[PDB]
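Step one of this worksheet: look at the structure below.
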Amino acid sequence: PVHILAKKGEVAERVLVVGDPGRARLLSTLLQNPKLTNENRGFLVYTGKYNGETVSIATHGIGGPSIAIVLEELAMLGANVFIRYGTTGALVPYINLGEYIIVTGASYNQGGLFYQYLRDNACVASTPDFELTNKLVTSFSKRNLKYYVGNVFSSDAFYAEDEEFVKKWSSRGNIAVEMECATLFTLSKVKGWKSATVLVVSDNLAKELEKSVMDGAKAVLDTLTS
Amino acid sequence: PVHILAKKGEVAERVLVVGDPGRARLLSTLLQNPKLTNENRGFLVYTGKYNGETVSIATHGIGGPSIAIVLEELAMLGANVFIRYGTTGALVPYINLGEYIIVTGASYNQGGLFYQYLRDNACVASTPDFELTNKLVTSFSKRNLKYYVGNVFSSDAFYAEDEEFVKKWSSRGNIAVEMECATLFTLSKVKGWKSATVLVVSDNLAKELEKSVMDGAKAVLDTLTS
Amino acid sequence: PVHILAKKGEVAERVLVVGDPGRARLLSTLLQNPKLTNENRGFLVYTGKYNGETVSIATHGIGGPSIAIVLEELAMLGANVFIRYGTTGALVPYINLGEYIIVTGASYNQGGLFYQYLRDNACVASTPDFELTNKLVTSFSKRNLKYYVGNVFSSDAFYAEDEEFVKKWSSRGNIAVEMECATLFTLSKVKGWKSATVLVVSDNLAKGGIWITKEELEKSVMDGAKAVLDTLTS
Amino acid sequence: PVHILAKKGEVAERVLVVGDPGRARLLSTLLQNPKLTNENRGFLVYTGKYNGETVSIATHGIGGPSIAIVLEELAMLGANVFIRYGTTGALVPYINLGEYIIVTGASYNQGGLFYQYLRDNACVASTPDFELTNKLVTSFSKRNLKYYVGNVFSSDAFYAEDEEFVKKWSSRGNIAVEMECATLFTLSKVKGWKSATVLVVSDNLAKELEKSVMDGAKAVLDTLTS
Amino acid sequence: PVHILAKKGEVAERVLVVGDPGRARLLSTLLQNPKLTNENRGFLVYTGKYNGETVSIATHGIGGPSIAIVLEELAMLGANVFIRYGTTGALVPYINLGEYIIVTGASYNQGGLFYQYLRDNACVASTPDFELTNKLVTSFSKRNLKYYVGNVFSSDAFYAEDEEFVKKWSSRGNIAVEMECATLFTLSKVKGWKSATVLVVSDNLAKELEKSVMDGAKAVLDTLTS
Amino acid sequence: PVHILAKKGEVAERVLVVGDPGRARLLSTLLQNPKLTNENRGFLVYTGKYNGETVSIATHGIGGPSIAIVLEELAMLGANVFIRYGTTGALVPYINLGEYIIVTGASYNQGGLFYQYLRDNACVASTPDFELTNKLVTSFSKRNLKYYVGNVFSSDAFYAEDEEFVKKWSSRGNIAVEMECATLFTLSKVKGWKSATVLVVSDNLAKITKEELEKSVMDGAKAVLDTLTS
């Protein structure tokens with residue numbers, strides 16, 4: 001690995017990945033005896049214990065290209081189970097800020113990354129691991145957390161304009177928008193990794209926060225270690 | 001409707017759809033007091049009772065264009081819950097003939113039908129209803145049936161040659177190939193219908209039958225009426 | 001074949017193909033000693049004699065994927081000449097219900113079935129056999145039937161909305177719309193089969209108005225069937 | 001028009017178009033009292049009479065962009081019937097040099113020109129006028145000329161390398177290759193012009209001349225004035 | 001070569017290419033002892049001396065397909081440096097008729113020609129030779145000519161309708177429109193030729209000539225022989 | 001801005017952008033009175049003076065989606081001149097490690113980000129500002145640094161396999177590969193910003209120590225900063 005300079009053996013098979021380095025540091029406090037295993041290029045990675053299992057929390061930056069590089073390098077270090085925990089904007093009015101979305105699939109526009117990996121324009125099913133996703137639903141349910149299950153649109157251009165944005169993607173079966181799920185799901189299917197994703201709603205395009213992230217993170221860690 | 005000319009009220013909200021008219025007739029024997037509600041253009045549709053609920057078994061023919069027409073017309077008659085029960089060829093060696101595959105998503109090539117409905121080439125997540133699919137897993141498990149959960153490639157050209165067929169699609173996360181799931185899933189997401197699919201493995205491209213079909217049909221009917 | 005289950009030699013070299021199995025059965029009465037050679041999966045196929053020549057009438061269902069399978073399997077059984085006889089919706093106001101359209105080419109949207117067969121997105125000319133198509137024109141004019149010659153758009157989504165549907169496809173040189181011609185023509189060019197198509201106008205998308213009656217449609221379908229069969233046995 | 005400087009009334013409704021200015025000048029001798037009505041930018045255009053009808057012979061240069069400009073400007077000047085008479089390379093063994101090909105359709109790669117005119121990538125049927133093409137067949141048969149009827153591939157890159165060229169295009173139903181038919185046919189369909197094409201085989205990629213060109217020109221002029 | 005019948009030794013390594021045969025003949029008068037080395041198919045090519053160097057002035061017609069053929073054939077005869085001198089329509093208000101545009105890149109719609117040469121739909125950077133373009137700036141500055149530096153859109157359909165044309169392309173960084181630069185630049189990069197382009201503004205889509213063409217030609221010839 | 005949280009006026013009009021936050025910090029030492037104007041989400045941004053001129057040094061992370069967000073937010077904060085200074089893999093054998101490439105254009109695969117911004121699949125010319133790029137050449141030659149001028153392929157998948165990678169992109173006129181060029185150039189043309197790029201060769205795919213690289217990075221940074229404040 002040329003970006004993640006973590007020593008081989010310092011990265012767990014089970015990894016919680018987040019886009020924000022700051023959330024990685026904050027969530028590391030939920031682990032027993034956390035150690036910083038990488039800080040190169042700002043990609044903070046911490047490894048520790050939780051519920052009798054070794055687990056790592058890694059930063060993936062923003063966007064498909066960035067998360068692809070991080071997943072690939074983490075895997076070269078032994079990682080094979082990934083659960084992304086990020087933030088998202090809801091596309092439907094009934095979902096409230098601070099609530100969660102357990103992702104079942106990701107819509108995306110065909111682009112360079114998918115073409116470079118798949119070698120043509122086929123729309124490969126971009127879905128998470130079935131079992132792992134059901135475990136997430138069980139974990140969030142046990143902790144009495146308000147969640148919704150559905151697909152999301154993984155955008156590559158946060159600031160591009162689209163006057164019909166909400167209607168278009170919500171009418172296509174998506175309940176939220178973010179930027180990395182499609183890449184995570186598809187690359188995982190291709191490489192053979194088990195992945196899933198849970199998102200914290202930080203905005204509603206159709207219409208506390210710190211505690212929201214912390215509570216859901218515990219649910220995710222229970223799933224990763226169960 | 002111009003293809004399915006059944007009287008409104010003669011089609012249930014819950015519908016089991018199969019590609020073969022002969023399987024529709026055979027499975028109708030599992031219903032209480034079944035009545036043939038449509039015969040036009042060979043699209044046999046039967047309506048009856050099962051476990052205290054009215055249910056219909058409909059023929060959708062072969063291919064995305066055909067199933068799209070049938071789903072649209074059945075919906076115009078009141079149907080909104082669809083479970084396809086078809087046949088498929090496995091893409092991995094460990095799956096045996098007669099066993100089942102509960103579909104979690106469908107890969108497909110960019111095509112006219114999707115372009116016509118979506119209005120551009122976006123790869124919309126083609127996935128089944130999360131809840132309905134889990135009920136299917138529960139039903140098949142209760143009847144002690146051997147099944148596998150995973151994505152499938154929905155082909156539009158049964159006889160097109162591809163020297164790397166099995167390798168390409170199995171490496172893209174697909175465990176079987178059929179021809180209607182992508183259309184069923186995507187159109188359902190767009191229209192707001194709840195759909196799912198279970199397939200009977202009738203061939204293995206990488207490596208009793210009547211009994212298998214009948215057995216699985218019972219699990220599907222239990223799911224539909226749960 | 002795994003969909004069309006017919007015995008050895010039960011399928012003729014020349015086939016009249018229709019989408020509706022009910023039409024296959026009805027037209028089978030125009031033949032001598034018609035025999036049901038296949039009924040599996042609802043794809044009714046009949047083989048009999050017309051003007052002393054052996055021919056078959058086969059059901060292809062709806063859509064490119066369905067007709068592709070049927071054509072391939074029929075070819076495996078000995079067929080190499082196909083004339084599709086279906087129904088269509090006109091895209092221009094001057095064509096009336098019950099009249100006919102002899103197809104000269106098919107417009108289509110790229111992807112799926114074509115990408116799998118062609119191996120890339122080239123727009124291969126989707127045209128019928130020149131000679132056979134001219135024979136159809138001769139046959140229809142001989143029976144004093146009203147027909148128009150032109151291209152059609154082969155749609156994959158019957159119910160997909162498009163607010164500019166008629167002006168779009170009619171401005172692109174198409175006079176009607178159906179769902180199987182592009183697949184029939186392109187697959188035939190690649191597989192080495194001779195194909196053609198005649199359609200009965202059962203709706204006009206360019207102007208509102210009366211619906212065609214059952215008797216009217218059947219009479220139109222029957223009169224046209226004779227012209228097609230004459231061509232297939234010519 | 002800014003390329004073809006001919007005045008209105010100087011261009012006939014019936015036009016025989018050729019790519020080579022030299023062929024236009026050579027064929028003008030078949031007309032009665034031919035007059036040069038344009039020479040700007042090398043696009044020679046002659047107008048005269050043949051068989052009781054006024055006809056023009058116009059140069060269109062090489063390629064889709066060039067012929068599109070010429071056709072558009074000739075039409076603005078009154079032209080509405082066009083028959084291209086060009087040279088081609090056969091893609092099948094049996095066709096001999098000096099023989100003719102009456103074009104029934106044109107295959108092409110989706111490109112800028114088609115996208116700019118059609119507004120999307122639909123594969124619009126690129127075919128000549130049915131009636132006009134049959135008249136050509138009749139005219140060539142009447143003059144006992146050896147011809148073949150079939151589709152051609154309209155290439156945009158004469159010198160682009162493709163090791164599977166002959167097999168690829170011939171297996172796709174094309175018997176020859178040239179560069180302007182697809183543009184002529186599609187644009188004519190959109191604009192409502194009646195067009196056709198006859199080609200002189202000057203090379204064979206799978207396996208006297210001046211006379212061949214002259215003989216076919218007479219047959220084309222007969223068709224144009226029928 | 002089958003279009004440009006010039007003999008080896010008759011074409012210089014340095015070539016000034018123009019679309020109009022009439023401009024080629026007009027500009028040949030700027031050369032010392034000009035000789036016509038080809039007129040086949042209207043593609044006039046002249047060869048003479050300028051500033052102690054041998055140079056050729058060649059006609060390329062209109063459009064990507066046509067210029068591709070000419071460039072490939074001139075190269076087969078020894079040419080390796082090409083400077084296109086053409087006409088263009090300004091896409092911004094401030095540029096006046098008769099002024100010049102030194103091209104820094106070309107935008108284009110993916111099309112047949114590019115697909116045939118590149119083998120896929122990648123957007124390969126279509127730029128001129130850096131060193132040569134800078135020499136052009138120097139030559140025009142030295143002769144006190146008013147010029148602008150920027151990208152142009154290379155259209156394939158001069159007459160295709162587009163109600164948002166000026167706004168669309170000018171907002172994409174293009175200050176003018178013409179039809180051959182994209183082909184010239186991309187083919188040159190692939191073949192290893194050194195190319196550049198200067199255009200004379202003959203129209204402005206957002207808002208003496210002989211003198212402008214002549215003055216600019218002298219500056220181009222200075223560049224070619226420096 | 002929701003990613004780059006800088007106080008009003010803390011971002012200069014001219015910005016040197018780098019992908020590695022560690023490089024941003026390292027180069028901030030070349031400025032006068034450098035101040036950390038942002039650290040949110042790891043996108044370190046510093047503002048200070050060079051040759052008496054105010055400038056900023058900002059981190060853009062890796063990939064088109066990331067640099068697009070960063071450029072948009074810096075522009076909202078007042079920036080309109082961007083020079084990317086990154087690392088790259090050469091695609092031709094004659095370019096050596098530690099040398100520099102001044103970018104004249106960017107090749108890329110269509111889709112995603114470009115489709116969303118351009119609204120269709122047109123291959124819009126992805127080029128840097130002409131004048132700014134020439135100033136870079138002048139600055140590097142003035143400091144006697146070894147550089148090459150040419151196009152680069154902006155890849156979206158660093159680890160995607162391609163058996164003909166080097167031959168394919170080098171035969172298409174590209175002399176190096178990186179990941180943010182196309183997005184920077186194209187977005188800049190559409191948004192009306194002046195941009196350019198210089199890359200440090202850290203690998204050669206057709207065929208460097210920590211000190212060799214850092215020294216090369218440092219020497220080139222001076223030339224870029226000279227251009228930005230010229």
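Scheme for the structure tokens: letters A, B, ... for chains in order shown; per-chain residue numbers from 1; ligand numbers from 1 in order shown.
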>> Tell me as a ChimeraX atom specification which residues belonging to chain D come within 12 Å of chain B, counting only C-alpha atoms.
In response: /D:120-123
Chain E least-squares fitted onto chain B over all paired Cα atoms, as an mmCIF file with C-alpha atoms, in the first residue's frame:
data_model
loop_
_atom_site.group_PDB
_atom_site.id
_atom_site.type_symbol
_atom_site.label_atom_id
_atom_site.label_comp_id
_atom_site.auth_asym_id
_atom_site.auth_seq_id
_atom_site.Cartn_x
_atom_site.Cartn_y
_atom_site.Cartn_z
ATOM 1 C CA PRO E 1 -55.381 -3.312 -20.873
ATOM 2 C CA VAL E 2 -55.334 -4.863 -24.347
ATOM 3 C CA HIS E 3 -53.334 -8.054 -23.683
ATOM 4 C CA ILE E 4 -54.717 -9.267 -20.340
ATOM 5 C CA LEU E 5 -58.494 -9.123 -20.796
ATOM 6 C CA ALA E 6 -59.343 -9.931 -17.169
ATOM 7 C CA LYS E 7 -61.963 -7.726 -15.495
ATOM 8 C CA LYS E 8 -61.362 -5.634 -12.370
ATOM 9 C CA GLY E 9 -62.234 -7.770 -9.369
ATOM 10 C CA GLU E 10 -60.909 -10.838 -11.166
ATOM 11 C CA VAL E 11 -57.265 -10.118 -10.321
ATOM 12 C CA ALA E 12 -55.966 -10.247 -6.738
ATOM 13 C CA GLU E 13 -53.636 -7.737 -5.104
ATOM 14 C CA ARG E 14 -51.241 -10.633 -4.406
ATOM 15 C CA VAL E 15 -49.826 -12.344 -7.514
ATOM 16 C CA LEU E 16 -47.394 -15.196 -8.157
ATOM 17 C CA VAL E 17 -46.017 -14.728 -11.676
ATOM 18 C CA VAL E 18 -44.440 -17.422 -13.880
ATOM 19 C CA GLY E 19 -43.073 -17.388 -17.419
ATOM 20 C CA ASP E 20 -44.595 -20.695 -18.554
ATOM 21 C CA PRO E 21 -48.401 -20.903 -19.030
ATOM 22 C CA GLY E 22 -48.084 -24.609 -18.294
ATOM 23 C CA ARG E 23 -46.641 -23.888 -14.857
ATOM 24 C CA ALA E 24 -49.469 -21.455 -14.142
ATOM 25 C CA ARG E 25 -52.051 -24.157 -14.863
ATOM 26 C CA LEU E 26 -50.125 -26.751 -12.881
ATOM 27 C CA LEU E 27 -49.794 -24.500 -9.844
ATOM 28 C CA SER E 28 -53.423 -23.324 -9.899
ATOM 29 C CA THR E 29 -54.214 -26.717 -8.351
ATOM 30 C CA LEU E 30 -52.610 -25.480 -5.118
ATOM 31 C CA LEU E 31 -55.340 -22.857 -4.841
ATOM 32 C CA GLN E 32 -58.810 -23.364 -3.389
ATOM 33 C CA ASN E 33 -61.565 -23.037 -6.001
ATOM 34 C CA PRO E 34 -59.297 -21.798 -8.859
ATOM 35 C CA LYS E 35 -60.887 -19.849 -11.715
ATOM 36 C CA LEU E 36 -59.326 -18.977 -15.084
ATOM 37 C CA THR E 37 -59.694 -15.203 -15.414
ATOM 38 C CA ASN E 38 -57.751 -14.720 -18.670
ATOM 39 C CA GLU E 39 -56.286 -16.706 -21.547
ATOM 40 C CA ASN E 40 -55.895 -14.005 -24.213
ATOM 41 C CA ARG E 41 -52.542 -14.159 -26.020
ATOM 42 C CA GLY E 42 -51.635 -17.245 -24.034
ATOM 43 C CA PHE E 43 -51.208 -15.297 -20.786
ATOM 44 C CA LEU E 44 -53.122 -17.638 -18.455
ATOM 45 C CA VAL E 45 -54.229 -16.028 -15.197
ATOM 46 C CA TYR E 46 -55.922 -17.969 -12.377
ATOM 47 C CA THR E 47 -57.495 -16.571 -9.213
ATOM 48 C CA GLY E 48 -58.466 -18.510 -6.086
ATOM 49 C CA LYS E 49 -57.850 -18.695 -2.325
ATOM 50 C CA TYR E 50 -54.916 -19.840 -0.173
ATOM 51 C CA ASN E 51 -54.437 -19.505 3.595
ATOM 52 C CA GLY E 52 -57.534 -17.338 3.913
ATOM 53 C CA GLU E 53 -56.327 -14.930 1.251
ATOM 54 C CA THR E 54 -57.230 -14.253 -2.378
ATOM 55 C CA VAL E 55 -54.330 -14.798 -4.779
ATOM 56 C CA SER E 56 -53.687 -14.894 -8.528
ATOM 57 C CA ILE E 57 -51.192 -16.928 -10.570
ATOM 58 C CA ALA E 58 -50.240 -15.214 -13.836
ATOM 59 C CA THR E 59 -48.193 -16.038 -16.945
ATOM 60 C CA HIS E 60 -45.649 -13.408 -18.070
ATOM 61 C CA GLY E 61 -43.943 -15.063 -21.029
ATOM 62 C CA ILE E 62 -40.252 -14.556 -21.765
ATOM 63 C CA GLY E 63 -38.185 -11.398 -21.545
ATOM 64 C CA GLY E 64 -38.232 -7.883 -20.134
ATOM 65 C CA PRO E 65 -40.648 -6.415 -22.724
ATOM 66 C CA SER E 66 -43.188 -9.173 -22.117
ATOM 67 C CA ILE E 67 -43.105 -9.142 -18.320
ATOM 68 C CA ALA E 68 -43.277 -5.317 -18.313
ATOM 69 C CA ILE E 69 -46.552 -5.428 -20.247
ATOM 70 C CA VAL E 70 -48.048 -8.102 -17.992
ATOM 71 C CA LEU E 71 -47.055 -6.321 -14.761
ATOM 72 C CA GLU E 72 -48.400 -2.972 -15.971
ATOM 73 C CA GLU E 73 -51.728 -4.519 -16.948
ATOM 74 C CA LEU E 74 -52.119 -6.628 -13.804
ATOM 75 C CA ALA E 75 -51.425 -3.457 -11.792
ATOM 76 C CA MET E 76 -54.136 -1.576 -13.706
ATOM 77 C CA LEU E 77 -56.471 -4.344 -12.551
ATOM 78 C CA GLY E 78 -55.502 -4.106 -8.883
ATOM 79 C CA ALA E 79 -52.281 -6.074 -8.387
ATOM 80 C CA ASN E 80 -49.552 -4.496 -6.241
ATOM 81 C CA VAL E 81 -47.533 -7.424 -4.814
ATOM 82 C CA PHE E 82 -45.652 -9.708 -7.199
ATOM 83 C CA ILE E 83 -43.473 -12.729 -6.574
ATOM 84 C CA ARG E 84 -41.853 -14.244 -9.661
ATOM 85 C CA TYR E 85 -41.242 -17.994 -9.491
ATOM 86 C CA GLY E 86 -39.080 -19.102 -12.405
ATOM 87 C CA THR E 87 -36.261 -21.291 -13.673
ATOM 88 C CA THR E 88 -32.592 -20.386 -13.954
ATOM 89 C CA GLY E 89 -29.114 -21.562 -14.864
ATOM 90 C CA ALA E 90 -26.584 -21.602 -12.024
ATOM 91 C CA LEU E 91 -23.288 -19.744 -12.585
ATOM 92 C CA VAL E 92 -21.417 -21.386 -9.677
ATOM 93 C CA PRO E 93 -20.404 -25.086 -9.220
ATOM 94 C CA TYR E 94 -21.799 -25.726 -5.728
ATOM 95 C CA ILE E 95 -25.481 -25.119 -6.541
ATOM 96 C CA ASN E 96 -27.362 -28.280 -7.535
ATOM 97 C CA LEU E 97 -30.277 -28.900 -9.882
ATOM 98 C CA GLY E 98 -33.674 -28.685 -8.199
ATOM 99 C CA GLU E 99 -32.415 -26.340 -5.480
ATOM 100 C CA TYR E 100 -33.568 -22.739 -5.110
ATOM 101 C CA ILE E 101 -32.167 -19.243 -5.402
ATOM 102 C CA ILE E 102 -33.801 -16.331 -3.553
ATOM 103 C CA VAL E 103 -32.856 -13.245 -5.583
ATOM 104 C CA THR E 104 -31.399 -10.145 -3.891
ATOM 105 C CA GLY E 105 -30.694 -8.025 -6.957
ATOM 106 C CA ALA E 106 -30.277 -8.139 -10.724
ATOM 107 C CA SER E 107 -27.391 -7.112 -12.970
ATOM 108 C CA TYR E 108 -28.257 -6.066 -16.531
ATOM 109 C CA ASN E 109 -26.903 -4.419 -19.677
ATOM 110 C CA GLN E 110 -28.328 -0.927 -20.258
ATOM 111 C CA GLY E 111 -30.975 -1.330 -22.927
ATOM 112 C CA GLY E 112 -33.977 0.100 -24.696
ATOM 113 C CA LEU E 113 -36.529 -0.859 -22.061
ATOM 114 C CA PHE E 114 -34.556 0.731 -19.240
ATOM 115 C CA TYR E 115 -33.792 3.822 -21.323
ATOM 116 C CA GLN E 116 -37.459 4.244 -22.220
ATOM 117 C CA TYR E 117 -38.625 3.996 -18.594
ATOM 118 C CA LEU E 118 -35.736 5.759 -16.821
ATOM 119 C CA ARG E 119 -35.134 8.393 -19.542
ATOM 120 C CA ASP E 120 -31.330 8.134 -19.426
ATOM 121 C CA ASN E 121 -28.635 5.502 -18.837
ATOM 122 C CA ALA E 122 -28.295 5.682 -15.063
ATOM 123 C CA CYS E 123 -27.712 2.345 -13.332
ATOM 124 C CA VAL E 124 -30.725 2.392 -11.003
ATOM 125 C CA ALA E 125 -30.495 -0.185 -8.194
ATOM 126 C CA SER E 126 -32.518 -3.200 -9.343
ATOM 127 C CA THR E 127 -33.506 -4.813 -6.050
ATOM 128 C CA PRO E 128 -36.571 -6.657 -4.656
ATOM 129 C CA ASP E 129 -38.656 -5.512 -1.688
ATOM 130 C CA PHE E 130 -36.556 -6.066 1.445
ATOM 131 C CA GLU E 131 -39.360 -7.211 3.770
ATOM 132 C CA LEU E 132 -40.954 -9.557 1.221
ATOM 133 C CA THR E 133 -37.631 -11.219 0.336
ATOM 134 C CA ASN E 134 -36.949 -11.886 4.019
ATOM 135 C CA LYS E 135 -40.371 -13.541 4.346
ATOM 136 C CA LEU E 136 -39.432 -15.804 1.430
ATOM 137 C CA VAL E 137 -36.259 -16.867 3.259
ATOM 138 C CA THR E 138 -38.385 -17.634 6.324
ATOM 139 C CA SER E 139 -40.931 -19.647 4.326
ATOM 140 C CA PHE E 140 -38.296 -21.736 2.546
ATOM 141 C CA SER E 141 -36.395 -22.335 5.781
ATOM 142 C CA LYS E 142 -39.637 -23.410 7.459
ATOM 143 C CA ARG E 143 -40.267 -26.048 4.775
ATOM 144 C CA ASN E 144 -36.660 -27.290 4.980
ATOM 145 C CA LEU E 145 -35.848 -26.426 1.377
ATOM 146 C CA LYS E 146 -32.275 -25.945 0.169
ATOM 147 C CA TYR E 147 -31.809 -22.396 -1.086
ATOM 148 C CA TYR E 148 -29.107 -19.840 -1.792
ATOM 149 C CA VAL E 149 -29.407 -16.063 -1.556
ATOM 150 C CA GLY E 150 -27.807 -13.815 -4.166
ATOM 151 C CA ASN E 151 -27.869 -11.664 -7.298
ATOM 152 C CA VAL E 152 -28.633 -12.815 -10.825
ATOM 153 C CA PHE E 153 -27.797 -11.485 -14.289
ATOM 154 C CA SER E 154 -30.933 -10.740 -16.343
ATOM 155 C CA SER E 155 -29.958 -11.473 -19.953
ATOM 156 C CA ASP E 156 -31.913 -10.270 -22.991
ATOM 157 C CA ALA E 157 -30.309 -12.691 -25.473
ATOM 158 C CA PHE E 158 -30.476 -16.337 -24.422
ATOM 159 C CA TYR E 159 -28.500 -17.482 -27.482
ATOM 160 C CA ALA E 160 -25.910 -14.717 -27.920
ATOM 161 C CA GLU E 161 -22.357 -16.106 -27.867
ATOM 162 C CA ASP E 162 -19.995 -15.128 -25.047
ATOM 163 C CA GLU E 163 -16.919 -17.299 -24.475
ATOM 164 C CA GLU E 164 -16.333 -15.728 -21.064
ATOM 165 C CA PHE E 165 -19.962 -15.824 -19.902
ATOM 166 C CA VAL E 166 -19.769 -17.865 -16.707
ATOM 167 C CA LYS E 167 -16.551 -16.271 -15.488
ATOM 168 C CA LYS E 168 -17.677 -12.745 -16.416
ATOM 169 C CA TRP E 169 -21.006 -12.727 -14.596
ATOM 170 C CA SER E 170 -20.046 -14.939 -11.645
ATOM 171 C CA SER E 171 -17.038 -12.666 -10.987
ATOM 172 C CA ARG E 172 -19.487 -9.739 -10.942
ATOM 173 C CA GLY E 173 -21.356 -11.183 -7.955
ATOM 174 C CA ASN E 174 -24.093 -13.097 -9.805
ATOM 175 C CA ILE E 175 -24.812 -16.728 -8.928
ATOM 176 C CA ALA E 176 -27.375 -17.416 -11.677
ATOM 177 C CA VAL E 177 -28.840 -16.159 -14.966
ATOM 178 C CA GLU E 178 -32.422 -15.622 -16.106
ATOM 179 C CA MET E 179 -34.241 -12.962 -18.134
ATOM 180 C CA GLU E 180 -36.903 -11.008 -16.208
ATOM 181 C CA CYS E 181 -35.688 -9.977 -12.732
ATOM 182 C CA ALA E 182 -34.034 -6.686 -13.698
ATOM 183 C CA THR E 183 -37.253 -5.560 -15.355
ATOM 184 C CA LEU E 184 -39.438 -6.784 -12.496
ATOM 185 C CA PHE E 185 -37.403 -5.065 -9.762
ATOM 186 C CA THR E 186 -36.732 -1.754 -11.491
ATOM 187 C CA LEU E 187 -40.273 -1.292 -12.785
ATOM 188 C CA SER E 188 -41.605 -2.186 -9.324
ATOM 189 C CA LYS E 189 -39.438 0.441 -7.596
ATOM 190 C CA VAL E 190 -40.633 3.046 -10.093
ATOM 191 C CA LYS E 191 -44.319 2.087 -9.847
ATOM 192 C CA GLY E 192 -44.359 1.431 -6.108
ATOM 193 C CA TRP E 193 -45.174 -2.295 -6.277
ATOM 194 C CA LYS E 194 -43.750 -4.847 -3.798
ATOM 195 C CA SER E 195 -41.863 -7.597 -5.610
ATOM 196 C CA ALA E 196 -39.501 -10.512 -5.018
ATOM 197 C CA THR E 197 -38.253 -13.606 -6.872
ATOM 198 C CA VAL E 198 -37.397 -17.264 -6.210
ATOM 199 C CA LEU E 199 -35.878 -19.434 -8.957
ATOM 200 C CA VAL E 200 -35.678 -23.198 -9.450
ATOM 201 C CA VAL E 201 -32.261 -24.291 -10.730
ATOM 202 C CA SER E 202 -32.838 -26.283 -13.925
ATOM 203 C CA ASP E 203 -29.275 -26.127 -15.285
ATOM 204 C CA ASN E 204 -25.745 -25.255 -14.122
ATOM 205 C CA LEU E 205 -23.441 -23.491 -16.593
ATOM 206 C CA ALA E 206 -20.375 -24.091 -14.416
ATOM 207 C CA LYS E 207 -20.530 -27.845 -13.786
ATOM 208 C CA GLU E 208 -37.679 -34.791 -9.404
ATOM 209 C CA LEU E 209 -37.904 -31.386 -11.084
ATOM 210 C CA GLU E 210 -41.703 -31.394 -10.826
ATOM 211 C CA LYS E 211 -41.284 -32.101 -7.126
ATOM 212 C CA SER E 212 -38.917 -29.140 -6.844
ATOM 213 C CA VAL E 213 -41.303 -26.767 -8.616
ATOM 214 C CA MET E 214 -44.275 -27.919 -6.519
ATOM 215 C CA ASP E 215 -42.474 -27.683 -3.176
ATOM 216 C CA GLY E 216 -41.156 -24.216 -3.938
ATOM 217 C CA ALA E 217 -44.574 -23.004 -5.074
ATOM 218 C CA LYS E 218 -46.121 -23.900 -1.717
ATOM 219 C CA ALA E 219 -43.433 -21.880 0.077
ATOM 220 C CA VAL E 220 -44.064 -18.932 -2.242
ATOM 221 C CA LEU E 221 -47.826 -19.099 -1.670
ATOM 222 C CA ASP E 222 -47.215 -19.183 2.100
ATOM 223 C CA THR E 223 -45.146 -15.995 1.775
ATOM 224 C CA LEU E 224 -47.715 -14.216 -0.410
ATOM 225 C CA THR E 225 -50.480 -14.877 2.096
ATOM 226 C CA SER E 226 -48.529 -14.155 5.283
#
query = Closest to residue 65 of chain F among F:158, F:135, F:114, F:93, using only C-alpha atoms?
reply =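 Closest residue, counting only C-alpha atoms: F:114.
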DSSP says helix (DSSP H, G or I) for which residues of segment 15-190 of chain E? Put them as an NGL selection string?
:E and (21-30 or 40-42 or 64-76 or 112-118 or 130-142 or 165-170 or 181-190)
**Prompt:** What is the distance, in Å and to one decimal place, between atom CA of residue 114 of chain C and atom CA of residue 119 of chain F?
**Reply:**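 Straight-line distance from atom CA of residue 114 of chain C to atom CA of residue 119 of chain F works out to 25.8 Å.
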- Query: What's the 7 Å shell around segment 85-101 of chain C, counting only C-alpha atoms, without same-chain residues fewer than 6 positions away, as a list in words?
  - Reply: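 Everything that qualifies: residues 16, 17, 18, 19, 146, 147, 148, 149, 166, 170, 175, 176, 177, 178, 197, 198, 199, 200, 201, 202, 203, 204, 205, 206, 207, 212, 217 and 220 of chain C.
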